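Commentary on secondary and tertiary structure
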4 protein chains.
Amino acid sequence: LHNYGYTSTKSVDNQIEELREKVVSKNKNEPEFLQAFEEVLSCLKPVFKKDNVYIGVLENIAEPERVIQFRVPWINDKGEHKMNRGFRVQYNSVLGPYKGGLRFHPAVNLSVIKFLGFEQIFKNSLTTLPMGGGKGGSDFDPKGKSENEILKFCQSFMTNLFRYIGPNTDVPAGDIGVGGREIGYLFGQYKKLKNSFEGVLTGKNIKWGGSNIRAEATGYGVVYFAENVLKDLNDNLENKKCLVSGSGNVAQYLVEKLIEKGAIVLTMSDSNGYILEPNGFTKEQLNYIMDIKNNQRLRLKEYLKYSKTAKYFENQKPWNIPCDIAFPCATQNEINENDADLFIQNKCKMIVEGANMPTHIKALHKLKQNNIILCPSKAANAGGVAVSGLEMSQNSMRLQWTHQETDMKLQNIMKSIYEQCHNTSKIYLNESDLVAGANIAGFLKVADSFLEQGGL
Amino acid sequence: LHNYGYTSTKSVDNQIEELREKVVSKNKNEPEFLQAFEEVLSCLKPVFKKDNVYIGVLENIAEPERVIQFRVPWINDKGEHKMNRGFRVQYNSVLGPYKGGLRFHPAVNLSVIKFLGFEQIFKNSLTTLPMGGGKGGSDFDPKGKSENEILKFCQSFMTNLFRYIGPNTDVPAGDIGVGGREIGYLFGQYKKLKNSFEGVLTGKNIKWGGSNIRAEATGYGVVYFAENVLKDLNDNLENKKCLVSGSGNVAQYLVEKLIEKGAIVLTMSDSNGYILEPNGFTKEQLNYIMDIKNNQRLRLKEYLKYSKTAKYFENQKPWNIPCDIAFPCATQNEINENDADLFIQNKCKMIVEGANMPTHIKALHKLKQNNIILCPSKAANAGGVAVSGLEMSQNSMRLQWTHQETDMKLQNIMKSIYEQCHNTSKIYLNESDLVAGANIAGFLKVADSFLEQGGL
Amino acid sequence: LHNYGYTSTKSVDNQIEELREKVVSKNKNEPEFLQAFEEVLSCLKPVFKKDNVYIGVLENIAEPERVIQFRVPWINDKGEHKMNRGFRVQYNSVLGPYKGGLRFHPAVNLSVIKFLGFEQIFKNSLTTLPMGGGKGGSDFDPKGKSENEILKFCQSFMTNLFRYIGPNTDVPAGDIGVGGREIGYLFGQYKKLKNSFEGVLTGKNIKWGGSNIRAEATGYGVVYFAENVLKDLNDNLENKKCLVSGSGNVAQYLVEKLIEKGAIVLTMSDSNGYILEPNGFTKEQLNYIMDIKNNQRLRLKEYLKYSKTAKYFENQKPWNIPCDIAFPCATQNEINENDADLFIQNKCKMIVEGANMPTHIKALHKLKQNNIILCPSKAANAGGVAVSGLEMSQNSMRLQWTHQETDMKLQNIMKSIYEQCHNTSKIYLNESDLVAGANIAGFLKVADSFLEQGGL
Amino acid sequence: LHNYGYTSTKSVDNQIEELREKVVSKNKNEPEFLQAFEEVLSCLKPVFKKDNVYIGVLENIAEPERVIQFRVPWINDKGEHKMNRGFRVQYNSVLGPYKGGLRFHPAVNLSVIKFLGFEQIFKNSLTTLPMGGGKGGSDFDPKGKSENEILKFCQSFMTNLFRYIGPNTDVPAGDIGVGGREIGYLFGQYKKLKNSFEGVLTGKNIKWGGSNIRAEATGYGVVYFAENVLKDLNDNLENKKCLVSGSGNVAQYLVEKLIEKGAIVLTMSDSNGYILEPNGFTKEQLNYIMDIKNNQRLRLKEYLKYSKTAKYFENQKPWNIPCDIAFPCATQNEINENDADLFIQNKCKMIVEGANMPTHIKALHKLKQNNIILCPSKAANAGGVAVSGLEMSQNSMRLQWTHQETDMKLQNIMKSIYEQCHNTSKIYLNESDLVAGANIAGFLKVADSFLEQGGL
């Protein structure tokens with residue numbers, strides 16, 4: 001073995017307590033981070049029992065390999081000299097180059113970034129692709145800024161970051177505040193400085209190093225994940241009454257893939273009210289919703305002028321409808337206890353998380369004690385992160401795979417992500433728990449590699 | 001002709017309030033930093049009145065150009081894999097490469113470093129030499145570590161830092177926890193990695209790129225500063241009674257230079273009690289105190305077991321004895337409002353700060369309203385930082401100046417530091433206030449250069 | 001068309017003699033190297049006759065493009081400052097980046113390394129993949145060192161080497177003294193220094209850039225090579241009585257693949273004595289031998305306690321038993337003269353070398369004059385080097401091929417290696433001599449490319 | 001010993017003709033360049049006679065070592081995407097790093113730049129300091145652009161140039177369109193990109209790496225040059241009546257130094273009309289003219305108001321006045337054949353060129369055939385280029401010399417520049433011709449070094 005501290009007798013629980021204490025004291029004022037930490041810490045008790053080493057390893061991995069913060073100055077259109085704070089947390093590079101998006105939001109700060117970046121490590125880990133974990137951004141607020149100002153900012157932001165990122169070092173991506181438009185400016189500036197065309201950013205337009213399936217990526221992934229849980233029960237998606245919530249990017253393509261398979265997608269939520277449609281939606285109808293939602297930027301009720309057999313319930317959730325599968329694709333905690341009882345009552349057999357952690361901490365308890373399969377968002381929606389890894393591959397190969405090819409790869413990646421949760425949770429809990437499986441599997445790949453590499 | 005934000009009608013005081021508010025909100029949990037900031041902010045009101053631009057410029061300068069934080073792993077002697085957090089804050093490089101020491105202390109963290117680094121910017125600025133401001137360190141605790149472990153740590157620490165420092169970029173130095181022994185290890189490792197002998201660190205041993213007068217540097221400087229205040233009063237140091245506090249490195253050489261001039265140094269403090277010596281100390285006696293204090297490493301009370309003629313009180317500094325020139329070399333707010341009076345009463349004509357801010361905030365008030373010259377530590381002890389700038393010069397010239405030569409340079413640097421405080425405070429306050437002079441002068445050189453360079 | 005010397009009317013033999021003389025005088029005290037040279041020189045006479053140029057080209061190629069030697073210091077566990085000599089001979093980069101393992105052995109020195117590296121050039125050449133030739137190591141003795149010390153050494157060793165290796169420059173690998181554990185430490189350190197995840201080393205663990213089939217690689221290759229020699233005789237491996245020698249990594253997987261095909265593998269040698277098994281081994285039995293050998297770590301007589309029919313032969317060579325194919329896999333000069341005779345007597349129509357040069361120089365004579373196909377180890381076991389080339393490919397593509405895929409690629413690479421020996425020996429000797437074919441083909445690809453590139 | 005260009009038996013004149021023909025054909029459409037070339041070519045006939053080699057060497061030196069041209073994009077204040085062409089001609093680096101200013105003018109193009117850069121080679125050469133020759137700029141028109149736009153442009157311009165310049169490679173400087181304001185922005189941007197404070201540009205403000213005497217540099221130099229011509233005639237400047245042409249930067253400091261010596265400066269020209277002042281100007285009066293001319297930004301005619309005695313002419317060259325010394329510091333063709341005949345008729349003794357080539361080609365003929373000493377502008381005003389070389393030195397030493405020190409150095413440099421013209425012209429023409437001396441000396445140092453370095 002090795003020695004990463006924690007050699008005492010201390011009940012595995014006391015060591016876990018000692019660690020928590022030590023991590024908290026060093027990061028007193030980083031709530032968001034400390035919370036995402038105490039979270040990963042919970043499900044990792046089984047592995048700690050197998051070997052103490054992991055407790056020390058975790059303490060180490062919880063400490064960003066490196067974090068760069070810098071002043072990003074820019075001149076707005078009124079000729080004013082503004083300033084913002086930029087960050088890039090290169091959390092872990094054990095499995096590959098630091099991977100992680102950039103967030104431009106007024107709420108952004110070190111604590112927030114560490115939180116996001118820390119979680120990225122393991123999410124990436126599951127991918128199977130060689131990707132480390134990272135995250136960056138600024139407290140810059142895109143809202144209200146002109147097109148020109150956004151450009152000026154991106155250029156300045158990249159002028160600082162450019163020297164610390166690279167194809168084999170750190171490959172950033174889009175996130176809140178940083179979309180396609182932004183990635184174009186960032187890339188342009190990077191190319192001008194470094195003087196070379198290379199995959200430093202993922203989510204590039206298709207005309208210059210982008211990948212196919214980037215848009216549909218996450219949604220398709222969620223379905224593929226579920227399709228795998230089902231195939232391991234001699235069943236498939238064909239003819240399953242599905243509940244979907246949200247009408248965002250993920251939600252849309254999720255429905256598109258679902259329809260294309262066995263169909264019977266009954267609903268689609270909105271920031272206020274949802275839509276019903278007995279007999280399920282159809283290819284054609286989804287296009288309308290996509291149009292209305294993308295182009296027409298209209299409320300979801302709108303669909304009502306398009307359907308004969310539609311029905312819009314307002315300020316309510318679709319959870320009291322009987323279904324086989326349910327896809328929480330809106331936002332965090334959209335599923336409380338009352339919703340568990342509702343599901344456990346309509347006999348619902350499975351819930352695949354689309355958005356990040358759409359289930360409430362106490363809601364998972366009832367669901368598990370009622371034998372209702374729960375798919376971790378950490379694994380189910382990793383489809384997006386996975387495709388960006390493929391973008392990196394295509395960039396290195398100097399080729400672009402067909403919409404067809406890229407999809408197939410995503411399907412195998414999803415299949416693998418499933419197998420790992422399944423097998424890992426089985427081996428460590430004796431039962432098949434996807435949620436714990438995702439955490440253990442994700443952590444172990446990193447922890448072991450960390451050890452094999454000398455503990456650097 | 002530049003627009004940096006505060007163009008409104010608002011009272012200079014309201015703008016200063018708006019700024020304070022904005023800086024605090026972004027650095028909520030960095031007490032040490034926020035305090036050193038609100039401090040520099042105070043004395044800068046006169047300049048704000050001359051031009052609003054400076055308020056914006058200050059907001060910008062208060063934001064580290066860049067800050068790098070990284071995990072420093074190492075294996076102790078028991079074969080344990082330990083870990084520590086390392087920092088390097090490259091605060092400002094407007095006047096030259098980032099300059100600033102490295103501190104190894106269990107209390108070290110980003111807030112503490114920003115605090116030290118932020119102050120370094122202006123202290124360096126006064127120097128006249130081309131030096132930016134920076135600071136670094138780790139929460140690593142030297143105390144208790146073996147010789148071997150200290151080496152292992154330094155090597156690891158440098159392996160991370162090495163890529164971000166350089167002769168023309170960032171030149172670190174010693175500080176608490178990082179002494180000569182440490183700088184040797186750091187340098188050795190740097191050389192091995194970068195594959196080149198160059199001045200990346202100051203405070204190097206004399207055998208390999210070190211400078212003469214490095215030890216005496218600060219103390220000599222404090223005397224030279226005072227000698228300049230006096231010469232501008234048709235008087236000199238010859239035959240003046242002195243109340244020197246402390247017996248550290250600074251204190252010692254301060255006395256040595258004093259004696260060598262006009263002499264009549266009456267005291268030398270200790271962590272508990274001080275020593276008297278009517279008719280002043282003598283070259284010979286100082287050597288004893290130096291011996292007793294440096295090598296033997298035994299409580300200064302031991303001087304009593306040496307020459308008879310000297311007493312030794314207890315639990316207090318010699319702030320009572322009737323002196324005309326006070327040199328406090330110890331620690332933070334070493335002197336307060338109570339001692340402050342003993343001085344007004346006995347009547348100390350002038351007080352030259354040796355340690356950092358040895359005067360209490362309220363003590364300065366009474367002293368100034370009693371026409372007692374007070375020398376800012378920021379300027380008086382800059383002698384140390386100045387000599388390290390000369391080490392850099394000698395390194396670039398590939399030569400080593402004689403103990404003689406290096407001294408003369410230090411004397412002119414001290415003379416210049418004095419003139420700037422004198423002239424600046426005169427021009428902006430109409431009177432000759434050394435304390436405000438130091439702040440204004442230090443800030444202005446940076447602020448202007450900042451503007452001239454495009455506000456980057 | 002290009003003049004590299006040796007133009008006189010002199011006999012091809014006198015030029016070969018002149019060259020030998022010149023190479024020896026410059027490398028007087030490098031026996032191992034001079035021997036491996038005089039060896040490659042022998043079989044290259046036919047090509048020399050076709051064009052003198054090649055004699056000069058060889059003189060050039062025999063001179064390492066560059067060789068770096070360096071002092072590697074480290075602190076053992078008793079706190080002692082030790083030191084060792086490290087080497088990296090970048091012999092040739094005409095066909096690709098320098099490729100070649102690292103050997104940690106007390107016998108290591110420049111002569112030894114050149115010897116190994118020089119041979120690597122041509123071995124790699126045959127591969128078909130773009131790989132130059134190199135070799136490195138230290139006189140460091142792993143034996144007796146603690147786990148911790150091995151780590152400390154690797155880190156120091158890499159700190160020196162790191163600046164001269166890279167994905168497109170020199171990609172080292174494992175060898176004697178440098179196994180998986182070591183490559184992990186080396187990689188870890190490299191990543192920390194260069195600050196980037198890239199394929200600098202092959203033989204990495206599967207969790208971080210490793211490849212599938214790495215273990216089985218060499219063994220599978222030897223079988224694939226033989227399978228190709230057979231297919232060019234309208235026959236295959238199915239039902240062939242075979243003789244294997246050794247129970248190492250190569251031997252094991254060789255048997256595994258053999259069994260899987262037509263089977264009838266009759267023996268497996270050991271450092272003292274061999275095992276028999278009429279009717280051949282079976283999938284199951286091999287697993288036992290693998291277990292007994294890789295885990296239990298005991299002599300081979302042990303297999304007896306696992307098979308009634310299995311006869312053991314204390315201290316001998318299997319050769320006398322009648323077989324169709326003999327795969328020697330022990331060590332240099334494993335097949336003596338008297339042995340070789342029995343192969344001809346026993347009808348044995350072919351001998352595929354598994355270990356490096358397991359046949360004695362004079363043994364090859366009788367075997368060839370008796371029409372017994374002899375496969376050059378240089379080509380037959382190149383399977384290992386080939387797979388490491390695929391690891392490099394996968395690393396560049398940022399993907400990991402399936403155990404399945406990687407195998408197929410290896411099969412084509414082996415097929416190609418065979419075809420080149422076959423066709424080349426045919427074209428230059430009029431007959432099909434695999435041994436000469438391997439040398440000529442391997443040399444020519446390098447020699448020509450050398451010329452085409454300007455003779456640099 | 002070394003065979004370069006020509007040795008064809010041809011007449012020195014036919015070879016010079018062959019060369020001219022060859023240089024012209026390769027640069028058909030670069031009038032400005034071809035003219036500055038045919039010019040240097042003329043005075044170099046004496047040296048060609050001494051050795052043919054130089055003819056070939058010249059052909060080589062006339063070919064820019066390297067020239068980089070690039071598109072410089074920027075966004076004006078109306079939000080428009082503009083574009084301009086940037087250049088950097090690194091003409092010669094035989095004597096040191098490429099040195100040369102940057103010009104921002106609507107007329108700028110490759111031809112223009114080569115012209116200026118080509119001449120810079122030799123001008124620098126005479127300096128004695130280690131400086132190669134270069135030149136750069138853009139067709140960007142500062143006139144009409146806002147402060148903000150100028151900044152945006154500089155930043156973009158530097159973003160392209162930054163990778164090709166450096167302290168030991170190419171050190172640009174100011175010129176038409178590129179003043180102090182611009183060099184600040186250029187420097188700021190460079191520092192941000194390269195991440196290091198170093199002397200990449202000369203003409204930096206004094207607060208950050210600038211040098212003393214930068215303003216007065218050229219003017220002072222012209223006087224020092226003349227003072228040297230006089231001392232070699234047992235005479236000095238004391239009490240000499242002289243005329244200056246112009247009131248620019250050069251003209252002003254020229255007068256300032258003149259006054260300070262022996263004085264009796266009688267005039268100062270303007271873009272239309274000049275000023276007289278019998279008994280010469282005085283320290284005080286010059287300050288008025290300096291004030292009136294710099295800040296007030298008026299025409300020289302407004303001086304008539306600050307002095308009764310001073311009369312004033314309009315659009316009339318100040319050459320028909322009897323004197324001793326003259327100094328044309330305005331612009332080209334300042335002295336026509338006409339204006340030349342006045343000089344001889346006023347028994348004028350010597351003429352020191354201040355501006356670049358203020359004498360007309362045919363005017364030099366009459367002046368020389370009348371024994372009137374003519375100082376080449378190439379040498380007389382090299383004072384400016386010389387001081388910038390000292391800025392480089394001070395930057396490397398990390399110190400700033402006093403106004404005093406820097407002056408002295410300039411005086412020796414001027415003295416040396418004089419001696420070389422004197423001695424060289426003597427050795428090659430048997431007589432003391434400063435104009436030919438400057439050319440020959442300047443060219444020879446470069447030509448020889450070129451040869452000694454291998455002809456690269």
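Residues numbered from 1 in each chain as written, not as in the entry; some residues may be left out. Chains lettered and ligands numbered in written order. Part of a larger assembly, values for the part shown. Heavy atoms only, no water.

As summarised from the PDB record, the model derives from X-ray crystallography at a stated resolution of 3.10 Å.

Before going further, it helps to examine the overall build of chain A. A count of helices and strands for chain A gives 16 helices and 12 strands. Here chain A has a C-alpha radius of gyration of 22 Å; the compact-globule value for 456 residues is 23 Å, and the two agree. Each principal axis of the C-alpha atoms in chain A carries an extent, and together these give about 65 × 60 × 40 Å. Per-residue burial over chain A gives 60% buried out of 456 residues. Taking the contacts inside chain A whose residues are at least 6 apart along the sequence as the reference set, 69% of them involve residues at least 24 apart. Split by element, the accessible area of chain A, about 18000 Å² in all, is 48% carbon and sulfur. Counting 55 positive and 50 negative side-chain charges, chain A places the averaged centre of each group 3 Å from the other. (Helix = DSSP H or I, 4+ residues; strand = E, 2+ residues; numbered from the N terminus. Rg over C-alpha atoms; globule rule 2.2 N^0.38 Å. Buried < 20%, exposed > 50% of the residue type's maximum accessible area, 1.4 Å probe, protein only. Contact = heavy atoms within 4.5 Å. Areas by Shrake-Rupley, 256 points an atom, 1.4 Å probe, with all protein chains shown as cover. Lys, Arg positive; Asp, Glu negative; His and termini not counted. Charge placed at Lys NZ, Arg CZ, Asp CG, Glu CD.)

Let us look at the UniProt feature "binding site: NAD(+)" (unreviewed entry) in chain A. All names here are of chain A. UniProt records the feature "binding site: NAD(+)" (unreviewed entry) at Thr218 and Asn249, using the numbering of this structure. In terms of the greatest pairwise C-alpha distance, the residues named above, spread along 32 residues, form a tight cluster of at most 8.6 Å across. Within the fold, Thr218 resides in helix α8 (residues 217-231). Those residues within four positions of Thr218 in sequence are excluded, and the remaining contacts are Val250, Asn381, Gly383 and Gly384. Position of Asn249 among the secondary structure elements: in helix α9 (residues 249-261). The partly exposed category is assigned to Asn249, whose relative accessible area is 43%. (UniProt positions renumbered as here; feature names shortened; annotations may be inferred.)

For any two helices packed against each other, the geometry comes down to the angle between their axes and how far apart the axes lie. Residue and element names in this part refer to chain A. In the contact formed by α8 and helix α14 (residues 383-397), the axes pass within 7 Å of each other and the chain directions differ by 120 degrees. Relative to α14, the element α8 is oriented oblique. As for how α8 packs across α14, the hand of that crossing is right-handed. Residues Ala217, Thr218 and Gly221 of α8 touch α14, and the partners they reach there are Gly383, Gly384 and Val387. (Axes fitted to C-alpha atoms, helices over the stretch in contact; angles between N-to-C directions. Parallel < 35°, antiparallel > 145°, perpendicular 65-115°, else oblique. Left-handed = near helix turned anticlockwise from the far one by under 90°.)

Now for the UniProt feature "binding site: substrate" (unreviewed entry) in chain A. Residues and elements named next belong to chain A. With numbering matched to this structure, UniProt assigns "binding site: substrate" (unreviewed entry) to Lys99, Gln120, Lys123, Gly174 and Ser388. Once residues within four sequence positions are removed from consideration, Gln120 is found in contact with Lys99, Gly100, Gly134, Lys135 and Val385. Inspection of the secondary structure puts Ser388 in helix α14. For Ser388, a relative accessible area of 12% corresponds to the buried category.

Moving on to the pairing of strand β2 (residues 81-92) of chain B. Residues and elements named next belong to chain B. Of all 12 residues in β2, 10 are buried; the element is thus mostly enclosed. Looking at chain direction, strand β1 (residues 66-75) and β2 are connected through 10 bridges and run antiparallel. Its bridge partner being in β2, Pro73 is matched across the sheet by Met83. Hairpin geometry of β1 and β2 is characterised by an intervening segment of 5 residues between the two adjacent antiparallel strands and by a positive phi of about 85 degrees at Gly79. (Pairing = 2+ DSSP bridges.)

Quick look at the packing of aromatic side chains now. In the structure shown here, the tally under the stated rule is 102 aromatic pairs over all chains. Judged by centre distance (4.5 Å) and plane angle (15 degrees), the rings of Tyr274 of chain D and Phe313 of chain D are stacked. Residue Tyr274 of chain D is found in strand β8 (residues 274-275), and its partner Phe313 of chain D is found in the loop between α10 (283-294) and β9 (325-328); the two are separated by 39 residues along the sequence. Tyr274 of chain D sits in the buried class, given a relative accessible area of 2%. Judged by relative accessible area, which is 25%, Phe313 of chain D ranks as partly exposed. The positively charged end of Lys145 of chain B is found above the aromatic ring belonging to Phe140 of chain B, 5.3 Å away from the centroid. (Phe/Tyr/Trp six-rings, centres within 6.5 Å; stacked < 30°, edge-to-face > 60°. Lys NZ or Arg CZ within 6 Å of the ring centre and 35° of its normal.)

Least-squares fitting of chain D to chain A yields an RMSD of 0.4 Å, with the superposition described by an axial translation of 0.4 Å and a rotation of 179 degrees. Such a turn and shift between the copies fits a two-fold axis. A shared interface surface links the copies, since 87% of the contact residues of chain D are contact residues in chain A too. (Least-squares fit on C-alpha atoms.)

Inspection of the entire model under this criterion finds 108 salt bridges over all chains. Measuring nitrogen to oxygen at the nearest pair gives 3.3 Å for the salt bridge that ties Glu17 of chain A to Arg20 of chain A. With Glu17 of chain A and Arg20 of chain A both in helix α1 (residues 12-26), this residue pair falls 3 residues apart, about one helical turn. Residue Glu17 of chain A is classed as partly exposed on the basis of its relative accessible area of 37%. In this structure, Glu63 of chain A engages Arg85 of chain B in a salt bridge whose closest nitrogen and oxygen atoms are separated by 2.6 Å. On the criterion of chain membership, the pair formed by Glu63 of chain A in the loop between α4 (53-61) and β1 (66-75) and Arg85 of chain B in strand β2 is interchain, its members lying in two chains. What makes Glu63 of chain A buried here is its relative accessible area of 5%. Accessibility expressed as a relative area gives 11% for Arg85 of chain B, which makes it buried. Through salt bridges with shared partners, a single network forms among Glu17, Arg20 and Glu38 of chain A. (Salt bridge = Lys/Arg side-chain N within 4 Å of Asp/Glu carboxyl O.)

Before going further, it helps to examine the sheet that holds strand β11 (residues 373-375) of chain D. Strands in a sheet are paired, the pairing made by backbone hydrogen bonds, and the direction either parallel or antiparallel. Residues and elements named next belong to chain D. Taken together, 6 strands build an open sheet; the order of strands is β8-β7-β6-β9-β10-β11 and the sheet is mixed. Where the open sheet ends on each side, the last strands, each with one partner, are β8 and β11. As paired elements, strand β6 (residues 242-245) and β9 share 4 bridges and run parallel to each other. Pairing of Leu243 across the sheet is with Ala326, part of β9.

With that settled, the discussion passes to the interface of chain A and chain B. The accessible area lost on association of the parts is a frequent measure of interface size. Between chain A and chain B, the residue contacts involve 35 residues of the former and 33 residues of the latter. For the pair chain A and chain B, the summed buried area comes to about 3100 Å², and 42% of that belongs to carbon and sulfur atoms. It is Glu63, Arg71 and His81 of chain A in chain A that bury the most area against chain B; as a group they hold 25% of the surface buried on that side. The interface formed by chain A and chain B contains 21 residue pairs in polar contact. Of all the elements, β1 of chain A adds the most residues to the side of chain A that touches chain B, at 7 residues. Among the residues making up the side of chain A that touches chain B, the classes are represented as 12 nonpolar, 11 polar and 12 charged. (Buried area = accessible area lost by both parts, 1.4 Å probe. Polar contact = N/O pair within 3.5 Å; in protein donor to acceptor, adjacent residues only side chain to side chain. Nonpolar A, V, L, I, M, F, W, Y, C, P; charged D, E, K, R; others polar.)

Before going further, it helps to spend a moment on the relation of the copies chain A and chain B. Rotating chain A by 179 degrees and translating it 0.4 Å along the rotation axis places it on chain B, where the RMSD comes to 0.6 Å. Interface residue correspondence from chain A to chain B reaches 94%, placing this contact among same-surface, isologous pairings.

All names here are of chain A. The domain boundaries assigned to chain A delineate domain 1 (1-208 + 433-456) and domain 2 (209-432). Contacts between the two partners involve 35 residues from domain 1 and, on the opposite side, 40 residues from domain 2. Buried surface at the junction of domain 1 and domain 2, summed over both partners, amounts to about 3000 Å²; 66% is from carbon and sulfur atoms. At the boundary of domain 1 and domain 2, one finds 2 salt bridges. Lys368 is the partner of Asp433 in a salt bridge, and the nearest nitrogen-oxygen pair spans 3.0 Å. (Domains from an automatic or database assignment.)

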